[PDB]
Amino acid sequence: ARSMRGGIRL
Amino acid sequence: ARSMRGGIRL
Amino acid sequence: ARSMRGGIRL
Amino acid sequence: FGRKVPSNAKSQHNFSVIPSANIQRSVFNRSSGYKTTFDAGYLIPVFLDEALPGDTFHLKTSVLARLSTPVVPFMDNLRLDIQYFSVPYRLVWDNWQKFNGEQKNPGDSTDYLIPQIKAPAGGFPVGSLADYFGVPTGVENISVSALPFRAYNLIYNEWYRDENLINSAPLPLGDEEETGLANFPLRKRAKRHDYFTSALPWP
Amino acid sequence: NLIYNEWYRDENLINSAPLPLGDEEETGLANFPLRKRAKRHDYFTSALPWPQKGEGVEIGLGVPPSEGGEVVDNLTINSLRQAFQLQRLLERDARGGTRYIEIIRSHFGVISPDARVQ
Amino acid sequence: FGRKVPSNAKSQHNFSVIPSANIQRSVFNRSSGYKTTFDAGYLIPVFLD
Amino acid sequence: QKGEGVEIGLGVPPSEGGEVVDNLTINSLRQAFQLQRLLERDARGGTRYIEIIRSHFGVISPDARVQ
Amino acid sequence: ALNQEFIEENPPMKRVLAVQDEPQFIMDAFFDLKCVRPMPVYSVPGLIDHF
Amino acid sequence: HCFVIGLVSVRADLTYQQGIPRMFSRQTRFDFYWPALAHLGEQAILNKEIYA
Amino acid sequence: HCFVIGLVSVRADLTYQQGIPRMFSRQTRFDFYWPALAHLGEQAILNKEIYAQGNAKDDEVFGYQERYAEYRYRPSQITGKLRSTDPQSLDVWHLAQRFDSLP
């Protein structure tokens, strides 16, 4: 639910 | 400052 | 009145 | 029957969360003076600035305007006014996101350049938008970014243009270099709403 | 397709699903296949194609002639620190993502609403 | 010296303000069922409105 | 910066008549960085002896004792 | 006619003003911004690994 | 990222010196106000009201 | 034993009427502010920022100033018929310097 590595993908 | 006739123009 | 850049000149 | 064991999927997800950036914000005064001459009915861009993501601005404006000398104390009221607008760069240039490194497909070029207006023959003239934004007039070969000029036309189309009497000011969103301000004239404001000026072409 | 491109597509492994915005009539679903979701983030699936988003910053050295060499100037410390900060920028882009909302959230403290960035 | 008289510009502006639309909102239940078969890994659009 | 600017040497190929430069030690490289910081502090801070003291150290010297 | 030329603001300033052929308004304006910005108030060169 | 743009303008108040006030132009019973008439469609401003 | 000397001077405030505000001159991603860039070395003020001409001289260095200084500083401006370059100038109204050649 936070800022993931590699940009957002759900 | 309300909804004018003829649409918005300032 | 503080320490200016480029040294002091009044 | 037995009870199922957990999966590690949540701890693996947590190891992939990047830390937040530490930004080093600060507060300071960005005061500026601006001096000019203008005529009634035009929209004059007297203030222009660039805001970053996560800026906060509080603005106080002081004005002194002097009317050049009247013949008599003429009886009609005459307002001076100032209106401020925010214009995101993505509204005035379609490649703004891709300039900042967005890619439509993996390995796309990015590497765009800010769209330009070249000065026309003789340089930009007095009383043009280039003059009022403070680009030096009368200089032959210079160029400036188009995005401030596109931002003026976009404000005009959305807030000052009469939706049914007046055609949209041209708003090119692409990369193409302009020459001269033929797409960017200084615009007139509309008259106050009254019996005639709030009339419509049709029922 | 617009939901897929913005929320499910991996920004660096997968090409954008086609999103025609005009009036044109389509025939068949060739632009509209049923899409697969990505696997959970783990050691392998959160890996990246490269150590940074760009080419990688290389400080030039030149090469001897055969004639036909490459001449490079002496390194200023200002050139060298600019190369380091450029590499930090491209690493932040790889790690953080490169959609305009990901740039804003990674390079600045700012949580933009999705609605105002289309 | 004399004092200036007002202009009518504000009353003329006020006559040009259109009234707000009266909307007739209401609350109701829009329940719906949906039944399907699918396979893992696909994004299936099960709800649309 | 106040000085020439710190340039880490690279040498140049011969035509004979080249320039030979040794391998860079990390100690040489960090010394080049700290020298550049010193010359930038001199540019920014000033170079009268009182400006040096006030910029390189925490010290407010009286004017009278420095002539 | 009800058109662009009619609704654009165009007061007859040229007749109420004593001096001909000079701009109607001379203006001095001053903009006092208090900014909070994502940058330091002065930047000293340095800090290579950092930020 | 945004530009902020501040636009100055000057506007005069409106007043007229040509054409006929519409009260001199009434000629038939339904040119006067009647309550049963108040929600008819838009009326024409005639050119003589601004420039006779 | 000392002299005491009192020195009078008069100074006007500074405002500019020639050259391009640096916000029109940005052209590439790293000409904009980025937090990872804020502690780079001094940047060049280009001659066009104080006296534009369209000559190759315009892109040569006037002097050096702190990185992203133009986000912190905002030089005051003369824009209209007030400019000393206007053929019918109103520059009697202000004390902005007129450069007749490149400073």
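Per the deposition metadata, cryo-EM was the technique used to determine this entry, at a resolution of 2.6 Å.

> Honestly, the pairing of strand β1 (residues 25-37) of chain H in this entry has me stumped. Any pointers?
The side chains of a regular strand alternate, residue by residue, between the two faces of the sheet. Where strand β1 (residues 26-29) of chain D lies against β1(H), four bridges are found, and the strand directions are antiparallel. Each residue of the ladder has a partner; that of D:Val27, found in β1(H), is H:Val36. As judged from the seven bridges shared by strand β2 (residues 32-38) of chain D and β1(H), these two strands associate in the antiparallel manner. Its bridge partner being in β1(H), D:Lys35 is matched across the sheet by H:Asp28. Relative to β1(H), strand β4 (residues 56-67) of chain D is paired through 12 bridges, and the arrangement is antiparallel. In the strand pairing of β1(H), D:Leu59 is matched with H:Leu33.

> Explanation requested: the packing of helix α2 (residues 77-96) of chain E against helix α3 (residues 100-107) of chain E in the structure shown.
Between two packed helices, both the angle of their axes relative to each other and the distance between the axes serve to describe the pair. All names here are of chain E. Contact geometry for α2 and α3: axes closest at 10 Å, N-to-C directions at 120 degrees. Judged by the inter-axis angle, α2 sits oblique to α3. Where α2 crosses over α3, the handedness of that crossing is right-handed. When α2 is examined against α3, the residues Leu 89, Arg 92, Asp 93 and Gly 96 are found in contact with a partner set consisting of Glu 102, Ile 103, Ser 106 and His 107. Taken together, the residues that form the contact of α2 with α3 break down as two nonpolar, three polar and three charged.

> Help me understand the side chain of D:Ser198 in this model?
When you line up the elements, D:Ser198 lands in the segment after β8 (178-179). Taking relative accessible area as the criterion, D:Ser198 reaches 8% and is therefore assigned buried. Each residue touching D:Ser198, except ones within four places of it in the same chain, is listed here: B:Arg5, D:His193 and F:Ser16.

> Can you help me understand the interface of chain D and chain H in this one?
Interface size is often expressed as the accessible area that is lost when the parts come together. Contacts between chain D and chain H engage 59 residues on the former and 35 residues on the latter. Our enumeration of links across chain D and chain H arrives at two salt bridges. The residue D:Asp55 makes a salt bridge to H:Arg37 at a minimum N-O spacing of 2.7 Å. Run the count over chain D and chain H and you get 30 residue pairs in polar contact. It is β4(D) that contributes the most residues to the side of chain D that touches chain H, 12 residues altogether. Among the residues making up the side of chain D that touches chain H, the classes are represented as 28 nonpolar, 18 polar and 13 charged.

> Looking at this model, I keep getting lost on the nonpolar core. Mind explaining?
In a soluble, globular protein the nonpolar side chains are often hidden away together inside. If you look at the biggest cluster of nonpolar residues, it comprises 81 residues, and the most contacted ones within it are D:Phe124, D:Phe149, I:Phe3 and J:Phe24. Tallying contributions element by element places helix α4 (residues 147-160) of chain D first for this core, with eight residues. Not counting residues within four places of it along the chain, the set of residues in contact with J:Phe24 comprises D:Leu48, D:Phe133, D:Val135, D:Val144, D:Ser145, D:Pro148 and D:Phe149.

> What's the story with the sheet that holds strand β6 (residues 116-118) of chain D in this structure? I'm lost.
All names here are of chain D. Strand order across the open sheet formed by three strands is β7-β6-β8, with mixed pairing between neighbours. Only two strands of the sheet have a single neighbouring strand rather than two, namely β7 (143-145) and β8. Summarising the sheet, β6 and β8 pair through two bridges and their orientation is parallel. Bridge pairing in β8 links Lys 118 to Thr 179.

> Please clarify how the sheet that holds strand β1 (residues 2-12) of chain I should be interpreted in this entry.
Whenever strands of a sheet pair, they do so through backbone hydrogen bonds, lying parallel or antiparallel. Read across the open sheet, the three strands follow the order β3(D)-β1(I)-β5(D); overall the sheet is antiparallel. The open sheet terminates on both sides in strands that have one partner only, identified here as β3 (44-51) and β5 (78-88) of chain D. Across the sheet, the mean angle separating the axes of adjacent strands is 20 degrees when strand polarity is ignored. Contacting β3 and β5 of chain D together with β1 of chain I, α4(D) runs over the sheet at an angle of about 55 degrees to β1(I).

> Could you clarify how one ought to interpret the interface of chain C and chain G in this entry?
With six residues of chain C in contact, the opposing surface of chain G contributes seven residues. Linking chain C with chain G are zero salt bridges. Remark: the boundary between chain C and chain G carries three residue pairs in polar contact. Of the residues contributing to the side of chain C that touches chain G, the split by class is two nonpolar, three polar and one charged.

> Sorry, what's going on with the environment of G:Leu39 here?
All names here are of chain G. Relative to the helices and strands, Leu 39 is located in helix α1 (residues 26-45). With relative accessibility at 14%, the residue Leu 39 sits in the buried group. Each C-alpha atom, one on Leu 39 and one on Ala 64, is 27 Å from the other, the two residues being 25 residues apart in sequence. Sequence-distant contacts of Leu 39, that is, excluding residues within four places in its chain, are made with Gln 1, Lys 2, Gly 3 and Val 6.

What counts and how
- Residues numbered from 1 in each chain as written, not as in the entry; some residues may be left out.
- Chains lettered and ligands numbered in written order.
- Part of a larger assembly, values for the part shown.
- Heavy atoms only, no water.
- Pairing = 2+ DSSP bridges.
- Helix = DSSP H or I, 4+ residues; strand = E, 2+ residues; numbered from the N terminus.
- Axes fitted to C-alpha atoms, helices over the stretch in contact; angles between N-to-C directions.
- Parallel < 35°, antiparallel > 145°, perpendicular 65-115°, else oblique.
- Left-handed = near helix turned anticlockwise from the far one by under 90°.
- Contact = heavy atoms within 4.5 Å.
- Nonpolar A, V, L, I, M, F, W, Y, C, P; charged D, E, K, R; others polar.
- Buried < 20%, exposed > 50% of the residue type's maximum accessible area, 1.4 Å probe, protein only.
- Salt bridge = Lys/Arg side-chain N within 4 Å of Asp/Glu carboxyl O.
- Polar contact = N/O pair within 3.5 Å; in protein donor to acceptor, adjacent residues only side chain to side chain.
- Core = buried A, V, L, I, M, F, W, Y, C linked by side-chain atoms within 4.5 Å.

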